[PDB]
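**Student:** I am attaching a structure below and will ask some questions about it afterwards.
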Amino acid sequence: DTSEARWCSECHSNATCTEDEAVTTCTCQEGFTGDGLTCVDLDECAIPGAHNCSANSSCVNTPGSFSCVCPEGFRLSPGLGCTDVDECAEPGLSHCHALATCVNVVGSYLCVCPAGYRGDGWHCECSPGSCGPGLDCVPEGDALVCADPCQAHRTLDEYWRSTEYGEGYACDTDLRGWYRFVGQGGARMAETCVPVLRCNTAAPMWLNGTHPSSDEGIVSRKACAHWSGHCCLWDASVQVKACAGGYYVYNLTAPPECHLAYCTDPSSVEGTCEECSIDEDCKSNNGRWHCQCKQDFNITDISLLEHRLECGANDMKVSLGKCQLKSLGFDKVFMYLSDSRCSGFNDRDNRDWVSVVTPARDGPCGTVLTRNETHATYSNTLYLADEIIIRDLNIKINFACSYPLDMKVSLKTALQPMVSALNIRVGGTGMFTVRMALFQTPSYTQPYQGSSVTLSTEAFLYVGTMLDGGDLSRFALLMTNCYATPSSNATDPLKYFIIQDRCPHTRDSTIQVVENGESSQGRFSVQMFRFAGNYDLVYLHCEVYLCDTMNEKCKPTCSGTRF
Amino acid sequence: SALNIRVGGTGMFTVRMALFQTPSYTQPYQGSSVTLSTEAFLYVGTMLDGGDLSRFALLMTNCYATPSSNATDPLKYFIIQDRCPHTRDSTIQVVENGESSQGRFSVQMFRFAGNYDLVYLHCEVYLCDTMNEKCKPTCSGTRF
Amino acid sequence: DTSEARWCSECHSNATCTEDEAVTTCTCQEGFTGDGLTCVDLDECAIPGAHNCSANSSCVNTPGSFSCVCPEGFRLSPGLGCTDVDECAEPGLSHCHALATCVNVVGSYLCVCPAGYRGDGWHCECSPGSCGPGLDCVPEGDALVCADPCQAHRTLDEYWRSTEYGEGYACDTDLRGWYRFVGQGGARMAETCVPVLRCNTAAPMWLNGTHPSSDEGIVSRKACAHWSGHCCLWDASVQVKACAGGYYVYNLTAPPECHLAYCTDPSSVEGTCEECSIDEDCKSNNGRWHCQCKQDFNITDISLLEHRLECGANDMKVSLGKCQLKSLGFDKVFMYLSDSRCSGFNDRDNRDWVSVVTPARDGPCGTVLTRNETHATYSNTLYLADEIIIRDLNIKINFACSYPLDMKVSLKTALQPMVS
Ligand SMILES: *[C@@H]1O[C@H](CO)[C@@H](O[C@@H]2O[C@H](CO)[C@@H](O[C@@H]3O[C@H](CO[C@H]4O[C@H](CO)[C@@H](O)[C@H](O)[C@@H]4O[C@@H]4O[C@H](CO)[C@@H](O)[C@H](O)[C@H]4NC(C)=O)[C@@H](O)[C@H](O[C@H]4O[C@H](CO)[C@@H](O[C@@H]5O[C@H](CO)[C@@H](O)[C@H](O)[C@H]5NC(C)=O)[C@H](O)[C@@H]4O[C@@H]4O[C@H](CO)[C@@H](O[C@@H]5O[C@H](CO)[C@H](O)[C@H](O)[C@H]5O)[C@H](O)[C@H]4NC(C)=O)[C@@H]3O)[C@H](O)[C@H]2NC(C)=O)[C@H](O)[C@H]1NC(C)=O
Ligand SMILES: *[C@@H]1O[C@H](CO)[C@@H](O[C@@H]2O[C@H](CO)[C@@H](O[C@@H]3O[C@H](CO[C@H]4O[C@H](CO)[C@@H](O)[C@H](O)[C@@H]4O[C@@H]4O[C@H](CO)[C@@H](O)[C@H](O)[C@H]4NC(C)=O)[C@@H](O)[C@H](O[C@H]4O[C@H](CO)[C@@H](O[C@@H]5O[C@H](CO)[C@@H](O)[C@H](O)[C@H]5NC(C)=O)[C@H](O)[C@@H]4O[C@@H]4O[C@H](CO)[C@@H](O[C@@H]5O[C@H](CO)[C@H](O)[C@H](O)[C@H]5O)[C@H](O)[C@H]4NC(C)=O)[C@@H]3O)[C@H](O)[C@H]2NC(C)=O)[C@H](O)[C@H]1NC(C)=O
Ligand SMILES: *[C@@H]1O[C@H](CO)[C@@H](O[C@@H]2O[C@H](CO)[C@@H](O[C@@H]3O[C@H](CO[C@H]4O[C@H](CO[C@H]5O[C@H](CO)[C@@H](O)[C@H](O)[C@@H]5O)[C@@H](O)[C@H](O[C@H]5O[C@H](CO)[C@@H](O)[C@H](O)[C@@H]5O)[C@@H]4O)[C@@H](O)[C@H](O[C@H]4O[C@H](CO)[C@@H](O)[C@H](O)[C@@H]4O[C@H]4O[C@H](CO)[C@@H](O)[C@H](O)[C@@H]4O)[C@@H]3O)[C@H](O)[C@H]2NC(C)=O)[C@H](O)[C@H]1NC(C)=O
Ligand SMILES: *[C@@H]1O[C@H](CO)[C@@H](O[C@@H]2O[C@H](CO)[C@@H](O[C@@H]3O[C@H](CO[C@H]4O[C@H](CO[C@H]5O[C@H](CO)[C@@H](O)[C@H](O)[C@@H]5O)[C@@H](O)[C@H](O[C@H]5O[C@H](CO)[C@@H](O)[C@H](O)[C@@H]5O)[C@@H]4O)[C@@H](O)[C@H](O[C@H]4O[C@H](CO)[C@@H](O)[C@H](O)[C@@H]4O[C@H]4O[C@H](CO)[C@@H](O)[C@H](O)[C@@H]4O)[C@@H]3O)[C@H](O)[C@H]2NC(C)=O)[C@H](O)[C@H]1NC(C)=O
Ligand SMILES: *[C@@H]1O[C@H](CO[C@@H]2O[C@@H](C)[C@@H](O)[C@@H](O)[C@@H]2O)[C@@H](O[C@@H]2O[C@H](CO)[C@@H](O[C@@H]3O[C@H](CO)[C@@H](O)[C@H](O)[C@@H]3O)[C@H](O)[C@H]2NC(C)=O)[C@H](O)[C@H]1NC(C)=O
Ligand SMILES: *[C@@H]1O[C@H](CO)[C@@H](O[C@@H]2O[C@H](CO)[C@@H](O[C@@H]3O[C@H](CO)[C@@H](O)[C@H](O)[C@@H]3O)[C@H](O)[C@H]2NC(C)=O)[C@H](O)[C@H]1NC(C)=O
Ligand SMILES: *[C@@H]1O[C@H](CO)[C@@H](O[C@@H]2O[C@H](CO)[C@@H](O[C@@H]3O[C@H](CO)[C@@H](O)[C@H](O)[C@@H]3O)[C@H](O)[C@H]2NC(C)=O)[C@H](O)[C@H]1NC(C)=O
Ligand SMILES: *[C@@H]1O[C@H](CO[C@@H]2O[C@@H](C)[C@@H](O)[C@@H](O)[C@@H]2O)[C@@H](O[C@@H]2O[C@H](CO)[C@@H](O)[C@H](O)[C@H]2NC(C)=O)[C@H](O)[C@H]1NC(C)=O
Ligand SMILES: *[C@@H]1O[C@H](CO[C@@H]2O[C@@H](C)[C@@H](O)[C@@H](O)[C@@H]2O)[C@@H](O[C@@H]2O[C@H](CO)[C@@H](O)[C@H](O)[C@H]2NC(C)=O)[C@H](O)[C@H]1NC(C)=O
């Protein structure tokens with residue numbers, strides 16, 4: 001009407017400018033008051049003519065228009081005024097925290113943390129046990145939310161915490177929140193009264209109960225600690241939850257002192273405790289997994305006399321059975337020598353023993369040199385105790401190794417020298433000795449000595465042969481052939497063969513031989529004869545073959561010259 | 001109050017010798033046997049594989065050769081005798097003896113007379129304490 | 001006077017008791033003082049009346065009288081006092097050692113050991129060469145006296161000491177005092193440079209000079225020893241004396257080492273060396289007694305080819321000429337076989353050869369049996385060397401004997417039968 005602009009420059013920044021066919025009209029929108037060329041800031045809620053907001057609706061000016069805002073929980077619908085609608089079904093009329101539930105109320109909406117939780121509905125700072133089952137209140141970033149302990153716990157792998165571990169110094173003041181124990185640290189909280197100075201702490205803590213069944217929710221359990229002689233004098237209250245996969249999680253809070261620490265039993269994940277030494281018999285019992293020695297090491301005095309020693313080329317070692325020390329009450333063993341820089345340590349080859357080493361010289365590790373003319377000797381002392389201090393008995397083991405000063409040494413590699421040798425062949429013709437004798441008796445006792453003898457036909461002529469030399473046991477005497485001759489000349493046609501072809505002659509039963517080929521003594525017996533003719537003298541000649549018993553049988557097995 | 005119990009242990013040092021090829025005593029052999037000629041020079045040295053104390057010196061009390069591995073054999077050819085080198089042959093030499101742990105004797109090859117083809121080497125040795133004994137062999141000469 | 005005893009019991013044991021007609025008088029003798037019934041011990045030099053001992057004479061008491069003793073060298077003569085007299089003319093005023101001379105001196109006598117001796121005249125410890133000629137200081141019992149070495153020496157009959165003897169092991173540290181060499185041990189100390197490893201010792205000692213003439217006194221002589229290649233590098237000094245009967249005696253002291261020993265040459269007491277083999281021609285020369293082979297055995301190669309063999313009925317022998325071995329430089333011969341229990345030794349029938357024996361069996365002495373159809377054979381090897389070890393050449397002699405397996409035998413005794 002009266003605000004017809006010539007150009008858009010006559011519209012302000014508080015009015016909307018509209019160009020229609022290049023004709024500029026300024027019309028100032030609701031929430032600004034005036035004619036339209038100039039409209040200054042003034043709420044549409046208070047202008048001549050007013051607006052159209054319902055009775056409850058508190059008119060609010062906006063830069064460009066006007067809005068009818070009802071008491072939050074109701075919204076103005078045209079022709080109806082304030083009408084009921086949920087405000088927690090619109091993601092722009094509600095922004096409550098992820099764990100806060102929205103509740104539309106008359107005039108606003110409230111954000112409400114769930115039952116148990118303690119908060120305003122913007123941070124739902126829950127307390128232990130204030131969550132529903134399966135969830136626990138744990139921090140996440142900078143707020144506290146209900147999360148399952150099986151996904152929000154920490155883990156602990158402190159080997160020291162082992163009950164047998166008696167050395168060290170600890171304090172569990174750091175521990176808060178849920179924790180788990182995996183690996184060396186053990187599988188579960190200790191459930192038994194633990195001795196003093198165990199679990200690397202002064203006073204050990206243990207669980208006063210039995211772990212719940214798998215997937216049982218958070219349950220509270222009693223906790224006990226041991227000191228002096230009274231076990232579980234003061235009683236606490238810890239909480240424990242089982243998780244799927246067979247493990248547990250625990251609320252390990254700082255103790256009331258600085259010498260209290262929780263313990264764990266051995267995992268014993270293997271049915272048979274093969275980790276334990278072969279000399280510490282494993283006890284394979286249901287629910288009772290451990291290992292201990294048999295009766296042999298259940299006695300005190302003989303254990304005090306028990307030991308073993310080993311002298312090496314460059315080092316000396318003395319060792320005692322750890323089981324024996326444990327049986328003598330020395331669960332922890334302290335081995336010291338004349339020089340404190342040398343300290344005992346585990347065998348690391350056979351775990352039963354515990355041993356210390358000493359270099360075989362004078363000056364290091366306190367070893368000395370005792371020498372005499374025969375051979376040198378090294379002497380050193382071993383000190384045994386249960387702790388640093390000694391109260392009742394101070395047993396010192398005096399040991400020594402003897403090293404011989406004179407010994408045999410042999411070079412192993414033999415030698416095969418080469419020499420230029422000259423060989424020249426030499427040969428020599430030789431001759432054995434053979435002789436025969438004429439005996440008188442059938443027992444072959446006296447030889448003759450005269451150049452000639454006289455005899456009768458009826459007389460029996462016993463003769464034997466012998467070797468005056470070369471009486472080898474394996475060389476036998478074999479009569480290849482024997483014959484008689486009228487003259488000393490061997491080459492005579494007139495021969496009377498007596499032994500022929502290794503067999504005795506026939507046509508006369510007096511031709512006998514007692515032995516032939518058996519041994520060196522060959523005897524033939526025959527009664528006297530005379531050559532036919534002018535021949536008065538008769539001689540005896542023989543040929544003989546020496547027979548080797550190794551190869552030839554050399555018995556004449558003459559079945560008979562006839563047959 | 002203290003309890004004392006005596007304990008004793010028999011021990012044994014380690015001693016070994018090697019057959020070197022060079023006059024510089026560089027490479028030991030490893031085979032169980034070797035072949036050589038008479039003109040070849042046989043260089044041998046001894047060492048302690050353990051207990052190398054600075055004051056313990058190596059002294060050759062006597063060395064000898066044997067045709068067989070058996071030490072108790074009547075046929076012995078003493079090379080080192082009474083801490084002094086053998087005579088009747090100028091090739092019998094020792095560079096060091098008693099000075100330190102490295103004792104070396106040099107001699108050229110020989111062969112036993114007879115059917116004996118193989119020759120072995122044996123030695124006896126006395127460890128000498130430098131604190132008291134001089135342990136130098138000052139052998140003016142086995143002859144004179 | 002006032003000591004008239006009624007009986008001898010009133011005389012003491014310090015007074016002399018005299019019975020005259022059964023009247024007992026006690027008079028105490030000089031050296032005891034009193035009245036006579038009791039006289040207690042007191043020197044007589046101070047009694048009422050003094051005494052009579054010469055000025056020089058010390059007033060000495062004796063058990064029974066008072067004596068006067070002068071400075072030993074003078075003796076108290078009555079009326080004169082101390083009078084000069086020799087004390088070494090009385091066997092009771094002198095007891096000097098048998099070799100000590102007595103000298104009477106003013107106030108004593110002295111016993112004097114002779115010139116050279118070092119003693120007090122009680123124990124004359126003489127030293128070598130401190131005696132007069134014809135005598136030397138040697139122990140006798142528990143003292144040292146000057147005695148002739150020809151009657152106080154020891155003797156030695158060690159055959160080993162011979163120069164040719166090259167085996168063995170010795171040390172002359174025991175030898176001290178005078179010694180002689182008789183018999184096999186030789187007649188006199190070696191006078192020539194001896195080769196190495198001789199006289200059964202490592203280094204041989206010899207005399208550096210020529211023995212003195214018979215009955216020349218103790219004379220010192222140079223001594224030499226041989227080692228390595230240098231002969232008489234170090235020089236000592238020995239002493240030697242000739243004795244009647246044509247032999248010598250020597251001062252053999254321990255050497256400075258334990259491989260030194262004196263040698264002797266061959267005695268050769270026989271003009272011709274008949275002991276030497278008939279194949280080692282004796283050299284009958286004045287002052288040069290030995291024996292060596294002729295030119296036939298003065299060559300090396302043919303000697304290496306030279307040998308002889310003998311096959312016996314039960315034993316086999318191989319031998320080589322010892323002269324040939326010596327010519328080949330093998331002065332000592334070492335013969336070994338396949339079994340070391342067999343060792344060579346001297347022939348003992350003809351001394352020229354050296355031989356070894358082997359029983360004709362299999363198993364002893366390493367002999368084996370090689371057999372074929374014709375006749376058996378025995379083979380064995382001989383090893384030769386100069387010493388235990390072999391350095392340059394190892395010559396082994398292969399020898400064998402052939403024993404026929406078929407042979408002719410004849411009964412010697414003929415027969416003369418009787419027939420009707
Ligand atoms: C069953 O068993 C029996 C018993 O074992 C066997 O019989 C034996 O057989 C052996 C093997 O033949 C014989 O050994 C040889 O003996 C001869 C000498 O024999 C005589 O002397 C011995 C001892 O007294 C006697 O027993 C034997 O009977 C002979 O006696 C009489 O000798 C005269 C001659 O003077 C005869 O006329 C006579 O008939 C005979 N009487 C008989 C037979 O009753 C010996 O000389 C032989 O040595 C030769 O061989 C060696 C080995 O090769 C050589 O040594 C080597 O020499 C090399 C060169 O220097 C050297 O480098 C090498 O290192 C060296 N080796 C060693 C190990 O030392 C000898 O030097 C030598 O060399 C041979 O010499 C002969 C000459 O003698 C050469 O012959 C000549 O040849 C030329 C041509 O080239 C011409 O033709 C000439 O005319 C000819 O003369 C020959 O060539 C040379 N060889 C070479 C150089 O290679 C050897 O020791 C046993 O004696 C014998 N025993 C008996 C009792 O009979 C029988 O055989 C067995 N039967 C069966 C079936 O198995
Ligand atoms: C040069 O140097 C070398 C090197 O040092 C010297 O050689 C060494 O010498 C040492 C001193 O003698 C020896 O020590 C002794 O060793 C024996 C055991 O020796 C054997 O074993 C060792 C180790 O393996 C080995 O080296 C040695 O060679 C021996 O091996 C062999 O053993 C068999 C036997 O099984 C032999 O048959 C065999 O021949 C042998 N081989 C050989 C020799 O080559 C050890 O037993 C000794 O201990 C004894 O002495 C201790 C000190 O007194 C006692 O301790 C004390 O006991 C008291 C009681 O309980 C206690 O109250 C006290 O507090 C305690 N003291 C201390 C400090 O602890 C021992 O108990 C023990 O007591 C003696 O025991 C023996 C038996 O063994 C008794 O002898 C018996 O006596 C009765 C009569 O009464 C009958 O006659 C029995 O028949 C007889 O057997 C003896 O009486 C007991 N004495 C008591 C009770 O007082 C000691 O440790 C070294 O081994 C030796 N080394 C070598 C390599 O040889 C050498 O000598 C030097 N030379 C020179 C010149 O200087
Ligand atoms: C692992 O386990 C260990 C051991 O449990 C945890 O460490 C410590 O645990 C204790 C015990 O939970 C905490 O102490 C206090 O716990 C109460 C619990 O109250 C909430 O849950 C109630 C239901 O819970 C039951 O079950 C639990 C066991 O799970 C029992 O302990 C309970 O007693 C119940 O039986 C619920 O009923 C509560 O609401 C009502 O009651 C309480 C009564 O105290 C009222 O306040 C409420 O207004 C309401 O009416 C509640 O939902 C907490 O409420 C305690 O909060 C204290 O601290 C707040 C801030 O620090 C403070 O704002 C509170 O007002 C209150 O402080 C006041 O009251 C205390 C009463 O003891 C006084 O101590 C204090 O002086 C003051 O007067 C408190 O949290 C330890 O805090 C806790 N310590 C740590 C370091 O965590 C360990 O946390 C576990 N690990 C985890 C969860 O990861
Ligand atoms: C076979 O022959 C062998 C080889 O000769 C004998 O073996 C050893 O021989 C030697 C040499 O004789 C002995 O050594 C010493 O000898 C002197 C000799 O002195 C006496 O005689 C002097 C004259 O002799 C001359 O001729 C001889 C050769 O025949 C020469 O050796 C001499 O040098 C002369 O040339 C005479 O003059 C001496 O008196 C004076 O001079 C000496 C100088 O040394 C002074 O002492 C005297 O006081 C005096 O002034 C003397 O009469 C000995 O005197 C030696 O005695 C030593 O030992 C005594 C005890 O052991 C000791 O009391 C002495 O004091 C003296 O020891 C001192 O002097 C030594 C000098 O070398 C030092 O060595 C020593 O360190 C110390 O300082 C000594 O005896 C060997 O002893 C002797 N060995 C053995 C084992 O016998 C062998 O004996 C003969 N076999 C027999 C006789 O059967
Ligand atoms: C050393 O020995 C003790 C026990 O000593 C044992 O009993 C003594 C009275 C003597 O007879 C000893 O010679 C004998 O070895 C071990 O301590 C433990 O003692 C208790 C005591 O009651 C044992 O309990 C018994 O066990 C048996 C078998 O199961 C039951 O039948 C009984 O009813 C009772 O429960 C316990 O077994 C035992 N522990 C063992 C043997 O390991 C000590 O441990 C042992 N030391 C060594 C290193 O072996
Ligand atoms: C001033 O506020 C009151 C509430 O305090 C208003 O009364 C409300 O009026 C609306 C509109 O009719 C009602 O909504 C209705 O709800 C039913 C049930 O959900 C639905 O079916 C209808 O379609 C409609 O949405 C609402 O229930 C009612 N509230 C009460 C408590 O009765 C009143 O209208 C307001 N004044 C003005 C001028 O708007
Ligand atoms: C004190 O001692 C001295 C000697 O030191 C005495 O003088 C010695 O007197 C005697 C006796 O007259 C002398 O002996 C005489 O010797 C000669 C020669 O042999 C001989 O012919 C005499 O017959 C007599 O034996 C002696 O020589 C003399 N000595 C000296 C050195 O003159 C003196 O008499 C002594 N006094 C007393 C009181 O004993
Ligand atoms: C324009 O307003 C009329 C009348 O509403 C009246 O005036 C308003 C400013 C406010 O004061 C109301 O409460 C007054 O009633 C709306 O018509 C409806 O009128 C009835 C009768 O009173 C009333 O009950 C309803 O709530 C009104 N409907 C509404 C306010 O939506 C008319 O609908 C309004 N036009 C719109 C909002 O576009
Ligand atoms: C007894 O004594 C007289 C006198 O000797 C003097 O008195 C001695 C004890 C003694 O001291 C002497 O030296 C005194 O001279 C002996 O007569 C000799 O007198 C002279 C003169 O003095 C004197 O030189 C002589 O040596 C004396 N003769 C000795 C002492 O033999 C008298 O001989 C003595 N009677 C004896 C010894 O039987």
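Each chain in the structure tokens gets a letter, A, B, ..., in the order shown, and its residues are numbered from 1; ligands are numbered from 1 in order too.
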Name the residues, by chain letter and number, that sit within 10 Å of ligand 7 using only C-alpha atoms and all ligand atoms, and give them as a list in words.

**Tutor:**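 Using only C-alpha atoms and all ligand atoms, I find these residues within 10 Å of ligand 7: residues 53, 54, 55, 56, 57, 58, 68, 69, 70, 71, 73, 74, 75, 76, 77, 80, 81, 82, 83, 84, 85, 86, 106 and 107 of chain C.
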
**Student:** Could you turn the residues from that selection into a file that holds N, CA, C and O atoms, as an mmCIF file, in the first residue's frame?

**Tutor:**
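File written: out_33.cif
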data_model
loop_
_atom_site.group_PDB
_atom_site.id
_atom_site.type_symbol
_atom_site.label_atom_id
_atom_site.label_comp_id
_atom_site.auth_asym_id
_atom_site.auth_seq_id
_atom_site.Cartn_x
_atom_site.Cartn_y
_atom_site.Cartn_z
ATOM 1 N N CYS C 53 158.630 -75.303 96.774
ATOM 2 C CA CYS C 53 158.374 -75.423 95.347
ATOM 3 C C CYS C 53 159.034 -74.232 94.670
ATOM 4 O O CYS C 53 158.951 -73.109 95.177
ATOM 5 N N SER C 54 159.722 -74.485 93.555
ATOM 6 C CA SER C 54 160.480 -73.447 92.863
ATOM 7 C C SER C 54 159.572 -72.285 92.458
ATOM 8 O O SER C 54 158.347 -72.421 92.372
ATOM 9 N N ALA C 55 160.200 -71.122 92.244
ATOM 10 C CA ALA C 55 159.488 -69.893 91.897
ATOM 11 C C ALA C 55 158.540 -70.095 90.718
ATOM 12 O O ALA C 55 157.340 -69.814 90.815
ATOM 13 N N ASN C 56 159.071 -70.558 89.584
ATOM 14 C CA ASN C 56 158.228 -70.775 88.412
ATOM 15 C C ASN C 56 157.202 -71.874 88.665
ATOM 16 O O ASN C 56 156.067 -71.797 88.181
ATOM 17 N N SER C 57 157.601 -72.916 89.397
ATOM 18 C CA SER C 57 156.757 -74.082 89.639
ATOM 19 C C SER C 57 155.452 -73.718 90.335
ATOM 20 O O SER C 57 155.456 -73.157 91.435
ATOM 21 N N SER C 58 154.336 -74.040 89.685
ATOM 22 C CA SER C 58 153.027 -73.881 90.302
ATOM 23 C C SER C 58 152.853 -74.926 91.397
ATOM 24 O O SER C 58 153.053 -76.122 91.162
ATOM 25 N N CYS C 68 155.639 -80.232 92.559
ATOM 26 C CA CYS C 68 155.988 -78.956 91.951
ATOM 27 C C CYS C 68 156.045 -79.182 90.450
ATOM 28 O O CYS C 68 156.825 -80.016 89.975
ATOM 29 N N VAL C 69 155.228 -78.446 89.703
ATOM 30 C CA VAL C 69 155.142 -78.595 88.256
ATOM 31 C C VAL C 69 155.599 -77.289 87.627
ATOM 32 O O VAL C 69 155.067 -76.220 87.945
ATOM 33 N N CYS C 70 156.566 -77.381 86.728
ATOM 34 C CA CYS C 70 157.135 -76.216 86.069
ATOM 35 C C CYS C 70 156.387 -75.952 84.773
ATOM 36 O O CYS C 70 155.547 -76.756 84.358
ATOM 37 N N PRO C 71 156.613 -74.799 84.137
ATOM 38 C CA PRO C 71 156.114 -74.606 82.766
ATOM 39 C C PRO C 71 156.627 -75.725 81.873
ATOM 40 O O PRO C 71 157.837 -75.955 81.786
ATOM 41 N N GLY C 73 158.254 -77.935 79.605
ATOM 42 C CA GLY C 73 159.413 -77.646 78.789
ATOM 43 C C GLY C 73 160.628 -77.669 79.688
ATOM 44 O O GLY C 73 161.772 -77.773 79.235
ATOM 45 N N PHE C 74 160.362 -77.559 80.989
ATOM 46 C CA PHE C 74 161.372 -77.649 82.029
ATOM 47 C C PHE C 74 160.813 -78.509 83.153
ATOM 48 O O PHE C 74 159.604 -78.528 83.393
ATOM 49 N N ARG C 75 161.700 -79.224 83.841
ATOM 50 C CA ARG C 75 161.294 -80.142 84.896
ATOM 51 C C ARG C 75 162.087 -79.853 86.159
ATOM 52 O O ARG C 75 163.296 -79.600 86.102
ATOM 53 N N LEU C 76 161.399 -79.884 87.299
ATOM 54 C CA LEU C 76 162.018 -79.557 88.579
ATOM 55 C C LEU C 76 162.987 -80.662 88.983
ATOM 56 O O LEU C 76 162.574 -81.797 89.243
ATOM 57 N N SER C 77 164.274 -80.333 89.035
ATOM 58 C CA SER C 77 165.345 -81.160 89.571
ATOM 59 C C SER C 77 165.681 -80.733 90.993
ATOM 60 O O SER C 77 165.746 -79.529 91.273
ATOM 61 N N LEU C 80 167.969 -77.713 92.303
ATOM 62 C CA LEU C 80 168.149 -76.847 91.148
ATOM 63 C C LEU C 80 166.894 -76.090 90.740
ATOM 64 O O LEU C 80 167.005 -74.963 90.251
ATOM 65 N N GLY C 81 165.710 -76.670 90.926
ATOM 66 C CA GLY C 81 164.479 -76.061 90.461
ATOM 67 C C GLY C 81 164.201 -76.428 89.018
ATOM 68 O O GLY C 81 164.644 -77.488 88.565
ATOM 69 N N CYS C 82 163.452 -75.590 88.297
ATOM 70 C CA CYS C 82 163.090 -75.902 86.918
ATOM 71 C C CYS C 82 164.345 -75.977 86.055
ATOM 72 O O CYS C 82 165.062 -74.984 85.898
ATOM 73 N N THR C 83 164.607 -77.156 85.495
ATOM 74 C CA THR C 83 165.764 -77.392 84.643
ATOM 75 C C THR C 83 165.312 -77.794 83.246
ATOM 76 O O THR C 83 164.372 -78.581 83.094
ATOM 77 N N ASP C 84 165.972 -77.226 82.236
ATOM 78 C CA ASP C 84 165.609 -77.485 80.849
ATOM 79 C C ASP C 84 165.755 -78.965 80.516
ATOM 80 O O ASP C 84 166.739 -79.611 80.889
ATOM 81 N N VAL C 85 164.768 -79.490 79.789
ATOM 82 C CA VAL C 85 164.833 -80.834 79.229
ATOM 83 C C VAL C 85 163.809 -80.905 78.106
ATOM 84 O O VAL C 85 162.777 -80.227 78.145
ATOM 85 N N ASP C 86 164.119 -81.690 77.078
ATOM 86 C CA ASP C 86 163.131 -81.981 76.050
ATOM 87 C C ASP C 86 161.956 -82.750 76.643
ATOM 88 O O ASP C 86 162.133 -83.654 77.465
ATOM 89 N N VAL C 106 158.471 -73.461 75.223
ATOM 90 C CA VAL C 106 158.467 -72.843 76.545
ATOM 91 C C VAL C 106 157.044 -72.766 77.091
ATOM 92 O O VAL C 106 156.226 -71.979 76.602
ATOM 93 N N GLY C 107 156.733 -73.584 78.100
ATOM 94 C CA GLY C 107 155.425 -73.576 78.724
ATOM 95 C C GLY C 107 154.463 -74.675 78.311
ATOM 96 O O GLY C 107 153.411 -74.810 78.950
#

**Student:** Around ligand 6, out to 8 Å and counting only C-alpha atoms and all ligand atoms, which residues are there? I want them as number ranges by chain.

**Tutor:** A: 54-57, 70-71, 74, 76, 80-85, 106

**Student:** Within 7 Å of ligand 2, counting only C-alpha atoms and all ligand atoms, which protein or nucleic acid residues do you find, written as a PyMOL selection string?

**Tutor:** (chain A and resi 371-377+398+402) or (chain B and resi 3-10)

**Student:** Env of residue A:458: 10 Å cut, atoms = only C-alpha atoms, seq-sep filter 3 positions within chain, self excluded. Answer as number ranges by chain.

**Tutor:** A: 455, 461, 527-529

**Student:** Please compute the atom 4 (C, counted along the ligand's line) of ligand 1-atom CA of residue A:427 distance, one decimal, in Å.

**Tutor:** 9.7 Å

**Student:** Give the residues close to ligand 4, within 7 Å, counting only C-alpha atoms and all ligand atoms; write them as a list in words.

**Tutor:**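 Those residues are residues 116, 117, 118, 126, 127, 128, 129, 130, 136, 137, 138, 176, 177, 178, 238, 239, 251, 252 and 253 of chain C.
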